[PDB]
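What follows is a short report on a single structure.
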Amino acid sequence: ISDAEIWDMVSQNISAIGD
Amino acid sequence: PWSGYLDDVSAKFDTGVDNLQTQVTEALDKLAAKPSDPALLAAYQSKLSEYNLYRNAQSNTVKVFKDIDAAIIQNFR
Amino acid sequence: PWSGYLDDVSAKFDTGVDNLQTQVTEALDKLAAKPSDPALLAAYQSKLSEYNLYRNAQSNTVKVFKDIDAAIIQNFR
Amino acid sequence: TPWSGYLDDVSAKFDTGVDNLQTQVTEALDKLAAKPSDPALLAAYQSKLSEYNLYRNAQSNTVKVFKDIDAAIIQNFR
Amino acid sequence: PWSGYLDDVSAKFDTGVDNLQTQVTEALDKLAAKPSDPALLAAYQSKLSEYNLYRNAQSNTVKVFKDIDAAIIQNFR
Amino acid sequence: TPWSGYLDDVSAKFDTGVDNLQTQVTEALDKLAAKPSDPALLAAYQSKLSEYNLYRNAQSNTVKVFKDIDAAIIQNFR
Amino acid sequence: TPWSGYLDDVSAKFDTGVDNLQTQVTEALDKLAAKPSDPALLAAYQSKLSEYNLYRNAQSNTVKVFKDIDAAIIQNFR
Amino acid sequence: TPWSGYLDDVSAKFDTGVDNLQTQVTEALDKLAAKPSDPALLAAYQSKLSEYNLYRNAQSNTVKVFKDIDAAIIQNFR
Amino acid sequence: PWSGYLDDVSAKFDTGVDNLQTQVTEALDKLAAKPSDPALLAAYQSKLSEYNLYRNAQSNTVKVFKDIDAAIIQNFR
Amino acid sequence: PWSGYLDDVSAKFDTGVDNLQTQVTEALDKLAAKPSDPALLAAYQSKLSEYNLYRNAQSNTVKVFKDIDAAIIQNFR
Amino acid sequence: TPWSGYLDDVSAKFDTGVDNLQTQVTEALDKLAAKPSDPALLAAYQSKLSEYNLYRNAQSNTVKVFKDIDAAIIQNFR
Amino acid sequence: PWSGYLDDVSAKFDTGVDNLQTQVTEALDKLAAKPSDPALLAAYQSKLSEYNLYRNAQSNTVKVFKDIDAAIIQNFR
Amino acid sequence: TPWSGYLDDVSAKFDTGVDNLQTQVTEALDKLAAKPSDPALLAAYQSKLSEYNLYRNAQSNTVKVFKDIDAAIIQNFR
Amino acid sequence: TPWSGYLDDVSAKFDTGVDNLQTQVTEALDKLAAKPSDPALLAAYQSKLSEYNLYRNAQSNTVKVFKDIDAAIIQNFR
């Protein structure tokens with residue numbers, strides 16, 4: 001439970017839908 | 001097991017912040033699953049604003065006791 | 001117990017906080033339910049700042065009463 | 001009989017100089033006890049409290065200086 | 001109804017600050033009535049700022065006629 | 001039995017005039033040390049501390065001035 | 001054994017009043033170098049740092065005021 | 001014709017040194033009561049208030065030190 | 001009339017303050033005439049900034065010139 | 001060489017600031033290599049935010065540990 | 001020739017310590033009034049004003065403490 | 001040309017701030033030559049930011065050498 | 001053994017409970033000079049310095065009171 | 001030989017307590033003069049500047065309090 005990982009998941013899911 | 005008054009106030013906020021942080025991820029992954037609708041985007045936006053405004057309320061409710069107790073200390077003599 | 005003059009002045013500003021603490025707790029735990037709207041945040045902000053002003057005024061009035069009767073004791077010779 | 005000498009005379013002179021300023025401070029604090037945000041009420045509170053502070057310090061200081069004067073007068077009796 | 005120099009100055013500012021508070025309340029009511037034009041918000045904000053200016057100038061004057069004569073009576077001997 | 005003179009009699013009379021100030025200050029200090037951030041506890045302890053300071057200062061000052069009075073009256077009986 | 005006066009007594013009363021405040025602040029700093037964005041970490045950081053600030057201010061002001069009473073009462077010896 | 005001693009002449013010398021400082025500061029305060037937004041008006045307010053502060057403070061200090069000098073001389077008559 | 005060591009400084013700055021007093025309204029008139037271009041907005045914002053800079057500079061000067069000799073006042077003894 | 005209780009506190013965060021400089025420099029370099037993706041823009045905001053947060057946190061630490069004992073040394077008498 | 005004593009000697013030595021700091025401050029003032037936006041000019045204003053403040057305050061403190069020393073030594077001649 | 005310690009530290013940044021002040025104009029006119037690209041707009045903004053950083057660092061360094069020796073000379077008595 | 005009169009006797013007797021403070025203050029000062037920013041260490045040094053100040057004041061005041069005692073008792077033999 | 005009183009000894013103890021604090025601040029400020037935004041010296045700048053500020057305040061307050069104690073002792077002779 002922290003915020004660096006939620007930033008990471010945002011930066012990952014913004015690309016998970018790109019392809 | 002120490003928890004002072006400032007920690008006591010933060011205790012009333014940590015349990016609220018944790019729930020919002022757990023549900024914002026459940027909003028984000030659902031949005032990534034099916035982003036074709038705007039309603040789910042609005043729901044995620046509302047959850048994020050929920051999280052951030054509650055966090056900001058926690059942030060300000062502590063600096064407002066900071067100056068109260070500091071002013072007490074200034075007149076503590 | 002014991003009561004002089006300074007503690008009576010402090011207790012004069014203790015009847016109000018006796019229910020202001022409960023009211024600010026109510027405002028807090030109703031804010032946590034729906035803080036997305038600015039209404040609850042602003043109401044809590046105002047109420048908490050008014051409590052700040054209340055406690056600061058109590059501190060000031062108990063501090064000023066120190067100097068006025070510290071004059072006589074210091075000027076008792 | 002409340003005997004009052006010259007020191008007590010000047011102290012009573014201050015006491016009658018302001019009619020009920022101590023009382024005014026008391027209801028100022030009492031009225032601030034329930035509604036501690038009124039503009040005019042806070043203005044009166046601060047003004048009366050500062051006035052009371054000046055009043056009491058001036059009283060103590062003049063009593064001290066009269067102490068000095070009459071003690072110096074008495075110590076030359078020898 | 002006792003009124004000293006500090007009291008005289010405080011009431012001198014009070015005469016204006018009370019009517020200005022009434023005006024800012026009326027401006028808030030008008031902004032509530034038509035919460036669309038930002039010019040009404042500008043006028044309300046300006047009038048609230050001038051209200052705070054009145055109050056703070058009064059605070060300053062009551063403090064500066066406090067420290068000066070406190071210093072005068074410090075050298076009273 | 002302890003023996004107390006006019007200075008000591010005045011000191012003891014003033015000490016017994018107040019009831020439990022020392023233990024009250026100690027207990028308030030204990031609660032403050034338990035949680036040194038409660039505005040209510042901080043205000044209560046600060047009020048007790050100011051009142052106790054006034055008590056001690058007035059006690060010492062009255063003792064000192066009574067000692068000066070006694071010294072002045074006793075020097076002139078030679 | 002090291003000595004402790006009344007001033008040292010009250011300072012130690014605060015020091016023993018807080019159980020692990022210094023260690024808590026140090027470990028909050030240590031974890032804030034690793035996972036700073038953590039809510040449960042950063043909020044606890046700021047809360048305990050403010051608590052430590054008020055604790056230190058209370059310690060210094062209490063010892064200073066007790067020294068004030070001590071100096072004022074000791075001035076009356078002579 | 002009032003009797004004015006050296007301290008009285010010193011105070012009168014301050015009073016005659018400043019032309020209309022009392023009226024100037026009173027009028028500045030009234031102008032703030034009327035409309036306190038003009039930069040020149042507020043600037044005159046601040047300047048006059050600071051100058052009045054310096055006036056009264058310096059005059060009181062000079063009177064105090066001159067009184068101390070005279071008191072030392074008087075005590076040294078004996 | 002009467003002028004002390006701070007009155008001359010305040011008037012010395014008011015000499016330049018009056019220019020901006022008469023010029024800010026002039027700039028606002030030009031902005032009102034042609035609101036389309038942002039150049040007038042830039043000029044108006046810069047010139048009100050310089051107005052407030054004059055104000056703050058004058059306040060700082062009078063403040064420091066009061067504090068430079070207040071400290072002496074405490075030690076005329 | 002010499003290091004007080006503030007220099008070491010500042011250096012405590014220095015182990016991460018250098019790492020984050022290296023990481024953000026690589027982020028810019030890889031963005032320059034290919035900019036046709038929002039993933040890198042999102043990582044850029046994720047990393048610049050962590051940078052600003054480290055810097056502001058270190059500034060807050062040194063400021064609060066200045067004020068922790070500025071008041072204590074003020075009443076050092 | 002107007003005679004300057006030890007305190008006047010200290011004040012004059014302070015004045016000779018600074019070459020033209022009074023004139024430097026006046027020039028900072030009038031170039032600031034002419035244009036209070038030149039960065040080097042305004043920074044020079046800040047530095048000169050700070051030097052003026054510290055110099056005046058330090059000179060007053062030194063003359064006052066030397067006065068206190070003279071008072072302490074003069075107290076003991078009788 | 002008398003020069004104190006604060007004058008020395010002001011001159012420490014005077015030789016730096018002037019270069020950036022004369023370079024900000026040399027960037028602004030170049031931008032006015034070819035406003036079409038956002039290429040050198042970032043360069044201009046960066047130069048201005050570092051210029052204001054010089055300003056603020058100079059402010060802080062002249063401030064801190066005032067209060068420290070003000071406290072020293074206040075405790076000088 | 002070096003001679004120790006009644007004044008010396010009381011000065012030395014007012015040392016048993018304060019046996020290790022001068023060296024304690026010196027070592028606390030050394031710790032402070034090692035790193036003058038630790039709030040715990042600096043607070044401890046401040047408390048010890050305050051205790052040392054009150055100790056010096058107390059011993060000096062009581063010895064001068066006994067000064068006055070012995071002088072008043074001895075001036076009567078004439 | 002360079003004379004050094006106890007207050008001078010305490011000041012020298014502070015100067016030798018910090019290795020090169022004045023020098024460290026000097027190179028920190030010089031380095032920042034050409035690289036204003038760079039990390040690892042800006043934070044170093046603030047930390048060293050605050051360290052120097054607290055150092056100077058501690059030195060001044062310590063010498064002042066020791067002077068107060070010494071003056072009390074000297075005055076208490078009479």
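Residues are referred to by chain and number: the chain letter is A, B, ... according to the order shown in the structure tokens, the number counts from 1 in that chain, and ligands are numbered separately from 1 in the order shown.
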Matching every Cα in sequence order between the two identical chains, what are the coordinates of chain C once fitted onto chain I? Write them as a tab-separated table (two decimals) with C-alpha atoms, in the first residue's frame.
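See out01.tsv below for the written result:
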```
chain	number	residue	atom	x	y	z
C	1	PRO	CA	3.19	70.89	8.20
C	2	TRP	CA	5.62	68.64	10.09
C	3	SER	CA	8.46	66.50	8.77
C	4	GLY	CA	10.78	64.22	10.71
C	5	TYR	CA	12.75	61.35	9.18
C	6	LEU	CA	10.32	58.46	8.64
C	7	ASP	CA	7.80	60.61	6.79
C	8	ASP	CA	10.61	62.02	4.64
C	9	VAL	CA	11.57	58.45	3.73
C	10	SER	CA	7.94	57.68	2.88
C	11	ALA	CA	7.68	60.85	0.78
C	12	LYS	CA	10.86	59.79	-1.03
C	13	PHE	CA	8.73	56.93	-2.37
C	14	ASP	CA	5.77	59.25	-2.97
C	15	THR	CA	7.10	61.29	-5.90
C	16	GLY	CA	7.19	58.16	-8.05
C	17	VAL	CA	3.67	57.02	-7.19
C	18	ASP	CA	2.49	60.59	-7.89
C	19	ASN	CA	2.73	59.73	-11.60
C	20	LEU	CA	2.62	55.93	-11.33
C	21	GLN	CA	-1.01	56.21	-10.19
C	22	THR	CA	-1.86	58.29	-13.26
C	23	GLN	CA	0.06	55.92	-15.54
C	24	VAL	CA	-1.63	52.83	-14.10
C	25	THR	CA	-5.01	54.54	-14.50
C	26	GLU	CA	-4.15	55.23	-18.15
C	27	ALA	CA	-3.09	51.61	-18.64
C	28	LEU	CA	-6.33	50.46	-17.01
C	29	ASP	CA	-8.71	52.58	-19.07
C	30	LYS	CA	-6.86	51.76	-22.29
C	31	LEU	CA	-7.07	48.06	-21.40
C	32	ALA	CA	-10.86	48.26	-21.10
C	33	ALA	CA	-11.18	49.33	-24.75
C	34	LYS	CA	-9.39	46.31	-26.28
C	35	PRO	CA	-8.31	43.64	-23.77
C	36	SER	CA	-8.79	40.76	-26.23
C	37	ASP	CA	-5.11	40.93	-27.16
C	38	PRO	CA	-2.62	39.64	-24.56
C	39	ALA	CA	-0.40	42.69	-25.08
C	40	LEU	CA	-2.53	45.15	-23.10
C	41	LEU	CA	-3.25	42.58	-20.39
C	42	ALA	CA	0.45	41.79	-19.98
C	43	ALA	CA	1.45	45.46	-19.95
C	44	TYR	CA	-1.17	46.28	-17.32
C	45	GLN	CA	-0.15	43.22	-15.29
C	46	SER	CA	3.50	44.27	-15.36
C	47	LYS	CA	2.76	47.90	-14.51
C	48	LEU	CA	0.44	46.99	-11.63
C	49	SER	CA	2.94	44.46	-10.26
C	50	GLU	CA	5.70	47.08	-10.46
C	51	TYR	CA	3.47	49.43	-8.48
C	52	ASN	CA	2.99	46.57	-5.99
C	53	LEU	CA	6.77	46.22	-5.67
C	54	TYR	CA	7.10	50.00	-5.31
C	55	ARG	CA	4.64	50.24	-2.43
C	56	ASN	CA	6.03	47.11	-0.76
C	57	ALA	CA	9.57	48.53	-0.92
C	58	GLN	CA	8.31	51.76	0.64
C	59	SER	CA	6.65	49.75	3.42
C	60	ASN	CA	9.83	47.76	4.03
C	61	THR	CA	12.07	50.83	4.15
C	62	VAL	CA	9.75	52.60	6.57
C	63	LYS	CA	9.53	49.47	8.75
C	64	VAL	CA	13.28	48.80	8.93
C	65	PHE	CA	13.92	52.39	9.97
C	66	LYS	CA	11.62	51.77	12.95
C	67	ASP	CA	13.76	49.01	14.46
C	68	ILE	CA	17.14	50.72	14.07
C	69	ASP	CA	16.08	53.81	16.04
C	70	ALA	CA	13.85	51.77	18.33
C	71	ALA	CA	17.02	50.06	19.49
C	72	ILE	CA	18.50	53.28	20.90
C	73	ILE	CA	15.29	54.38	22.62
C	74	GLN	CA	14.81	50.90	24.08
C	75	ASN	CA	18.55	50.87	24.88
C	76	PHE	CA	18.56	54.44	26.20
C	77	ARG	CA	18.98	53.48	29.87
```
Output chain H, superimposed onto chain M using in-order Cα pairs, as a compact mmCIF listing (two decimals) with N, CA and C atoms, in the first residue's frame:
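Output saved as result.txt:
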```txt
# COMPACT_ATOMS: atom_id res chain seq x y z
N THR H 1 45.87 20.87 56.53
CA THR H 1 44.43 21.03 56.72
C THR H 1 44.04 22.50 56.67
N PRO H 2 43.39 22.91 55.57
CA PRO H 2 42.98 24.31 55.43
C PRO H 2 41.95 24.69 56.49
N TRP H 3 42.00 25.95 56.90
CA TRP H 3 41.05 26.48 57.88
C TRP H 3 39.79 26.96 57.16
N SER H 4 38.67 26.33 57.48
CA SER H 4 37.40 26.62 56.84
C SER H 4 36.41 27.15 57.86
N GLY H 5 36.01 28.41 57.69
CA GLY H 5 35.00 29.01 58.55
C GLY H 5 33.60 28.70 58.08
N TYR H 6 32.63 29.26 58.81
CA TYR H 6 31.22 28.94 58.56
C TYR H 6 30.83 29.18 57.11
N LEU H 7 31.26 30.31 56.53
CA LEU H 7 31.00 30.55 55.12
C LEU H 7 31.69 29.50 54.25
N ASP H 8 32.91 29.11 54.63
CA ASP H 8 33.60 28.07 53.89
C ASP H 8 32.86 26.74 53.98
N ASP H 9 32.33 26.40 55.15
CA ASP H 9 31.54 25.17 55.26
C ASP H 9 30.27 25.26 54.43
N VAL H 10 29.65 26.44 54.36
CA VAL H 10 28.45 26.59 53.53
C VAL H 10 28.78 26.37 52.06
N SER H 11 29.86 26.99 51.59
CA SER H 11 30.27 26.80 50.20
C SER H 11 30.63 25.35 49.93
N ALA H 12 31.35 24.71 50.85
CA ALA H 12 31.68 23.31 50.68
C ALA H 12 30.43 22.44 50.70
N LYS H 13 29.40 22.87 51.42
CA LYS H 13 28.16 22.11 51.45
C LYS H 13 27.43 22.19 50.12
N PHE H 14 27.44 23.37 49.49
CA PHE H 14 26.97 23.43 48.10
C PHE H 14 27.81 22.55 47.18
N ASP H 15 29.14 22.61 47.32
CA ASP H 15 30.00 21.84 46.42
C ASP H 15 29.76 20.34 46.56
N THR H 16 29.61 19.85 47.79
CA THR H 16 29.36 18.43 47.99
C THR H 16 27.91 18.06 47.68
N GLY H 17 27.00 19.04 47.74
CA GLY H 17 25.61 18.75 47.43
C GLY H 17 25.41 18.33 45.98
N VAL H 18 26.01 19.07 45.06
CA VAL H 18 26.00 18.68 43.66
C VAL H 18 27.16 17.72 43.41
N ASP H 19 26.89 16.64 42.68
CA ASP H 19 27.91 15.61 42.52
C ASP H 19 29.00 16.04 41.55
N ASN H 20 28.65 16.19 40.28
CA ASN H 20 29.63 16.46 39.23
C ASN H 20 29.11 17.54 38.28
N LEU H 21 28.53 18.60 38.84
CA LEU H 21 27.92 19.63 38.01
C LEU H 21 28.95 20.32 37.13
N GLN H 22 30.13 20.61 37.68
CA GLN H 22 31.19 21.23 36.88
C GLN H 22 31.56 20.37 35.68
N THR H 23 31.87 19.10 35.93
CA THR H 23 32.21 18.20 34.83
C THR H 23 31.05 18.01 33.88
N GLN H 24 29.83 17.92 34.41
CA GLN H 24 28.66 17.72 33.56
C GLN H 24 28.47 18.88 32.59
N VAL H 25 28.55 20.11 33.10
CA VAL H 25 28.35 21.27 32.23
C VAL H 25 29.51 21.41 31.26
N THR H 26 30.74 21.11 31.69
CA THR H 26 31.87 21.18 30.78
C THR H 26 31.72 20.17 29.65
N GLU H 27 31.31 18.95 29.97
CA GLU H 27 31.12 17.94 28.95
C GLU H 27 29.97 18.29 28.02
N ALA H 28 28.90 18.88 28.56
CA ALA H 28 27.80 19.31 27.70
C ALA H 28 28.26 20.39 26.73
N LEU H 29 29.06 21.34 27.21
CA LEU H 29 29.59 22.37 26.32
C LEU H 29 30.48 21.76 25.25
N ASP H 30 31.31 20.79 25.62
CA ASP H 30 32.15 20.12 24.63
C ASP H 30 31.30 19.37 23.60
N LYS H 31 30.20 18.76 24.05
CA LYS H 31 29.35 18.04 23.12
C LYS H 31 28.64 18.99 22.15
N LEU H 32 28.27 20.18 22.62
CA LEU H 32 27.80 21.19 21.68
C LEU H 32 28.89 21.58 20.70
N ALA H 33 30.12 21.76 21.18
CA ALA H 33 31.22 22.06 20.26
C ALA H 33 31.38 20.97 19.21
N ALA H 34 31.10 19.72 19.58
CA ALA H 34 31.21 18.61 18.64
C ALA H 34 30.06 18.60 17.64
N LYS H 35 28.83 18.46 18.13
CA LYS H 35 27.66 18.40 17.25
C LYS H 35 26.38 18.82 17.98
N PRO H 36 25.99 20.09 17.88
CA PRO H 36 24.82 20.62 18.60
C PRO H 36 23.53 20.55 17.79
N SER H 37 23.03 19.34 17.58
CA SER H 37 21.74 19.18 16.94
C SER H 37 20.86 18.15 17.62
N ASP H 38 21.44 17.23 18.38
CA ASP H 38 20.64 16.21 19.04
C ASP H 38 19.71 16.85 20.06
N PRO H 39 18.40 16.60 19.97
CA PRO H 39 17.48 17.20 20.94
C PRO H 39 17.78 16.82 22.37
N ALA H 40 18.17 15.56 22.62
CA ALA H 40 18.55 15.17 23.97
C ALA H 40 19.83 15.88 24.40
N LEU H 41 20.79 16.02 23.48
CA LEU H 41 22.04 16.68 23.82
C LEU H 41 21.82 18.15 24.14
N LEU H 42 21.05 18.85 23.29
CA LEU H 42 20.76 20.25 23.56
C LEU H 42 19.91 20.41 24.81
N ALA H 43 18.99 19.48 25.06
CA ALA H 43 18.17 19.54 26.26
C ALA H 43 19.03 19.39 27.51
N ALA H 44 19.97 18.44 27.49
CA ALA H 44 20.89 18.28 28.61
C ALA H 44 21.74 19.53 28.78
N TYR H 45 22.17 20.12 27.66
CA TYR H 45 22.91 21.38 27.72
C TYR H 45 22.12 22.45 28.45
N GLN H 46 20.87 22.67 28.02
CA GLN H 46 20.06 23.72 28.62
C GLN H 46 19.80 23.44 30.09
N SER H 47 19.46 22.20 30.43
CA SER H 47 19.18 21.86 31.82
C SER H 47 20.41 22.06 32.69
N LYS H 48 21.56 21.56 32.25
CA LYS H 48 22.78 21.71 33.03
C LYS H 48 23.19 23.17 33.17
N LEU H 49 23.06 23.96 32.10
CA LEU H 49 23.45 25.36 32.17
C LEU H 49 22.54 26.13 33.12
N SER H 50 21.23 25.89 33.04
CA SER H 50 20.30 26.56 33.95
C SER H 50 20.55 26.13 35.39
N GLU H 51 20.82 24.85 35.61
CA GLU H 51 21.08 24.37 36.96
C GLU H 51 22.37 24.97 37.51
N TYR H 52 23.38 25.12 36.66
CA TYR H 52 24.62 25.77 37.09
C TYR H 52 24.39 27.23 37.43
N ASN H 53 23.59 27.92 36.62
CA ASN H 53 23.21 29.30 36.94
C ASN H 53 22.57 29.38 38.32
N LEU H 54 21.56 28.54 38.56
CA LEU H 54 20.86 28.57 39.84
C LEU H 54 21.81 28.23 40.98
N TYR H 55 22.64 27.21 40.79
CA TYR H 55 23.67 26.84 41.76
C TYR H 55 24.52 28.03 42.15
N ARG H 56 25.23 28.62 41.19
CA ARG H 56 26.18 29.67 41.51
C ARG H 56 25.48 30.87 42.12
N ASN H 57 24.33 31.26 41.56
CA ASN H 57 23.61 32.42 42.06
C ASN H 57 23.16 32.22 43.51
N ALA H 58 22.53 31.07 43.80
CA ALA H 58 22.05 30.83 45.15
C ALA H 58 23.20 30.73 46.14
N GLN H 59 24.30 30.07 45.73
CA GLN H 59 25.45 29.96 46.62
C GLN H 59 26.03 31.33 46.94
N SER H 60 26.18 32.18 45.93
CA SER H 60 26.70 33.52 46.17
C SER H 60 25.78 34.32 47.07
N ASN H 61 24.46 34.23 46.85
CA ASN H 61 23.53 34.98 47.68
C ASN H 61 23.58 34.52 49.13
N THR H 62 23.64 33.20 49.35
CA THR H 62 23.71 32.69 50.72
C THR H 62 25.00 33.13 51.40
N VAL H 63 26.12 33.06 50.69
CA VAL H 63 27.38 33.51 51.27
C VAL H 63 27.30 34.99 51.62
N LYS H 64 26.72 35.80 50.73
CA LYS H 64 26.61 37.23 50.98
C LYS H 64 25.77 37.53 52.21
N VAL H 65 24.61 36.88 52.33
CA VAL H 65 23.74 37.18 53.47
C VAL H 65 24.35 36.68 54.77
N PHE H 66 25.01 35.52 54.74
CA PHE H 66 25.67 35.03 55.94
C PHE H 66 26.81 35.95 56.35
N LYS H 67 27.54 36.49 55.37
CA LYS H 67 28.59 37.45 55.68
C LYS H 67 28.00 38.71 56.30
N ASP H 68 26.84 39.15 55.80
CA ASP H 68 26.19 40.31 56.40
C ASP H 68 25.78 40.04 57.84
N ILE H 69 25.25 38.85 58.11
CA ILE H 69 24.89 38.48 59.48
C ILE H 69 26.11 38.53 60.38
N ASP H 70 27.20 37.90 59.94
CA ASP H 70 28.41 37.86 60.75
C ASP H 70 28.96 39.27 60.96
N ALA H 71 28.89 40.12 59.93
CA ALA H 71 29.37 41.49 60.06
C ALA H 71 28.55 42.26 61.08
N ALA H 72 27.23 42.08 61.06
CA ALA H 72 26.39 42.73 62.06
C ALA H 72 26.76 42.28 63.46
N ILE H 73 26.98 40.97 63.64
CA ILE H 73 27.36 40.46 64.96
C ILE H 73 28.69 41.06 65.40
N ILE H 74 29.68 41.07 64.51
CA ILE H 74 31.00 41.59 64.85
C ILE H 74 30.91 43.06 65.24
N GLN H 75 30.18 43.85 64.45
CA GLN H 75 30.00 45.26 64.79
C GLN H 75 29.25 45.41 66.11
N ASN H 76 28.42 44.43 66.46
CA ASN H 76 27.69 44.52 67.72
C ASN H 76 28.45 43.95 68.91
N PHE H 77 29.67 43.42 68.71
CA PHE H 77 30.50 43.11 69.87
C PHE H 77 30.80 44.35 70.70
N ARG H 78 31.11 45.47 70.06
CA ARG H 78 31.53 46.67 70.79
C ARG H 78 30.43 47.21 71.69
```
